[PDB]
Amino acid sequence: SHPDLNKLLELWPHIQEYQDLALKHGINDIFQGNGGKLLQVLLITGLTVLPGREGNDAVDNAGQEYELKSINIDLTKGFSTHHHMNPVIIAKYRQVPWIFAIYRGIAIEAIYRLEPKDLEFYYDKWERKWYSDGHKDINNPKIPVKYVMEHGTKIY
């Protein structure tokens, strides 16, 4: 075993408390799908993740759904979407507003909200390519952080 295993031990009880708080708010594993980050966004905005949801989607007090994305800017400048993008995937996106959270590794820096009207530029670009390439799925095309910051409304 490596000598740092000792540090891991002292820190664990605090990590367990955090996982307990995540469970209280519907997140089963803080270590997958940006789980520990998702909790911060939820508590700041007041949004909720429902049991039986399909991904990182959440809802407000009135029941309106939102797609939640996150990015680590110390590594990349474009938000991930889907590994196999096509018109069926885009249809799931079309009618809901998106919430984009920006991080420096682990420290949250800002949160922006984009409406359907401000995402149509990308939905159209993706559908156009899909046809051109003979109905070939697109491998994870990105949404630039600058586009998000300029077109969206900052909420944090």
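Start at 1 and count along the sequence shown; that's the residue number.
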Higher average CA B factor in the deposited record is what I'm after, so tell me if that's 3 to 11 or 146 to 154. 3 to 11
I need to verify one thing: averaged over C-alpha atoms only, is the B-factor higher for 115 to 123 or for 47 to 55? 47 to 55
What third of its chain's C-alpha B-factors does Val88 belong to: lowest, middle or highest? middle
Quick tally, chain-level thirds of C-alpha B-factors: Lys69 sits in the lowest
Hey, what third does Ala110 fall into on Cα B-factor, ranked over its chain? middle
Among the chain's modelled residues, which third holds the C-alpha B-factor of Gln16? middle
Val41 - which third its CA temperature factor falls in, relative to the rest of the chain: middle
